[PDB]
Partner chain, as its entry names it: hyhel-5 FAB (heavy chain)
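The chain below stands alone and is given as structure tokens, in the form deposited without the partner chain.
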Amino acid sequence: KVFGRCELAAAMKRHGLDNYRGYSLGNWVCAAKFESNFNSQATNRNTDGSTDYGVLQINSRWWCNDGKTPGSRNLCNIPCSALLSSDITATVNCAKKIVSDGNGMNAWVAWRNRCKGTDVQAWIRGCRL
């Protein structure tokens, strides 16, 4: 499923991401845009044998189990396939854990390269929230 920009923002707000750990909603929407372009089915193979899944491209080495990543620890305790859902609940719950893992939102390379330090409020422009 490919969400509309404001469609995802609203869904994220409903799930408590606005200002979570002091990160405004714009940051999360900007991260999803650059990580997956709002496509819940997005997957990326990593030259290292791990894979990134979903709208927030969560990694199989530590966060979810995909049954093909040597030395995986499943910290979010879910199958990675649950991250390819049109329901972002699993993605959000896992994201909250990742963002509190000690590197802030730097955990998302796309957010760091394209969102960090910019005017992130542009990302929820036109949205009724």
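Numbering follows the first chain given and starts at 1.
Beyond what is shown, the protein has a form deposited with the partner chain bound; the following relates to that form.
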Margin query: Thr51 versus the partner chain, in the deposited complex: is there a non-hydrogen atom within 4.5 Å?
Written below: yes
Margin query: Check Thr43 for me: does it contact the partner chain in the deposited complex (non-hydrogen atoms, 4.5 angstroms)?
Written below: yes
Next item on the list: Using a 4.5 Å heavy atom cut-off, state whether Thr69 contacts the partner chain in the deposited complex.
Entry: yes
Next item on the list: Give a yes/no on whether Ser81 approaches the partner chain to within 4.5 Å in the deposited complex, heavy atoms considered.
Entry: yes
